[PDB]
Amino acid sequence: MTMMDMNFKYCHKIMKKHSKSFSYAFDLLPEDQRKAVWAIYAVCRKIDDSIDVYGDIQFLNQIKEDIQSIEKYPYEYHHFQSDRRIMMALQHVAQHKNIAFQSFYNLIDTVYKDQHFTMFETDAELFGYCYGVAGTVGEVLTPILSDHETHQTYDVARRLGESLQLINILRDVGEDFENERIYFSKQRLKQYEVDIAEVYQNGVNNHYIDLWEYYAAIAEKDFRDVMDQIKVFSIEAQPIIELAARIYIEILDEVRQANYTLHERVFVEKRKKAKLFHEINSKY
């Protein structure tokens, strides 16, 4: 095993550790493509944890600096200040693919501003936040999962990631409340007459369910639109991308089955992921 192989294997470990939902799915891709995804994931994961988990704001500045170094001198050797193995894998990927560097910068700014967390006043603010933390990952992942780097591709990728961030939000309402975060907007929260602190203490009710179902309906609808343009992706990636999404559509059925509980984190069982994959491949 070469050194670079080792760098990608460290990225793989990080994704296996933190992505209980998607590691399984993305590892089904051909080697070159899944190695790039592990790199991207590891970069995004370090960024998202820089502050949330290590509290470390200097570390986040170093990640930005490191990405900035790769963008300007893709071919020079750099003394990476954040995590060397991840940045080497990322520079290796940038020498073969067209990395949307601005998208990592948008993600970094969105993760940063999340330390001045202020509830969204409207859905448009919530949706612009889904772009920043997940539409951007769709954009950076675009040249890896497709040979047609065109606006329709970027656009389905962006729309898929924002859509998964919404499902994510619907799965994590309760744990996000414990961390003092409510991602639903005030406009919509007032309109459905819900106070999350309250529903958290006394259980679900019918206003909360309707609020939640109002957002799940937005996510499901968007899921179906990207499932009609799944062909913008490479042929090897299409069933994986579809598996990734459906796992998350599954999580919504899991929240419904646990009666929208705010006190547990529903997940999808590995065995079930393999089933979903089997069905997708039926028509693939």
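Only the largest set of C-alpha atoms that superpose within 1.5 Å between the two forms is called the rigid core. Numbering starts at 1 and follows the sequence shown.
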property: 15-23 against 260-268 - segment lying farther from this form in 7 other deposited structures of this protein (CA RMS, rigid core fit); result: 15-23
property: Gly55 coordinate gap across at least a third of other entries; result: yes
property: Higher-scoring stretch by recorded Cα B factor average, 108-116 or 91-99; result: 108-116
property: Higher-scoring stretch by recorded Cα B factor average, 186-194 or 131-139; result: 186-194
property: Highest-ranked of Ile86, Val204, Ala157, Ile169 once sorted by CA temperature factor in the record; result: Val204
property: Out of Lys46, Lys64, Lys35, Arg224, residue topping the C-alpha B-factor column of the entry; result: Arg224
property: Chain-wide C-alpha B factor ranking for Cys11, given as lowest, middle or highest third; result: lowest
property: Chain thirds of CA B-factor: placement of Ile144; result: lowest
property: Third of chain Cα B-factors occupied by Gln257; result: highest
property: Assigned third (lowest, middle, highest) for the C-alpha B factor of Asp123; result: highest
property: Record-listed C-alpha B factor of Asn179: chain third; result: highest
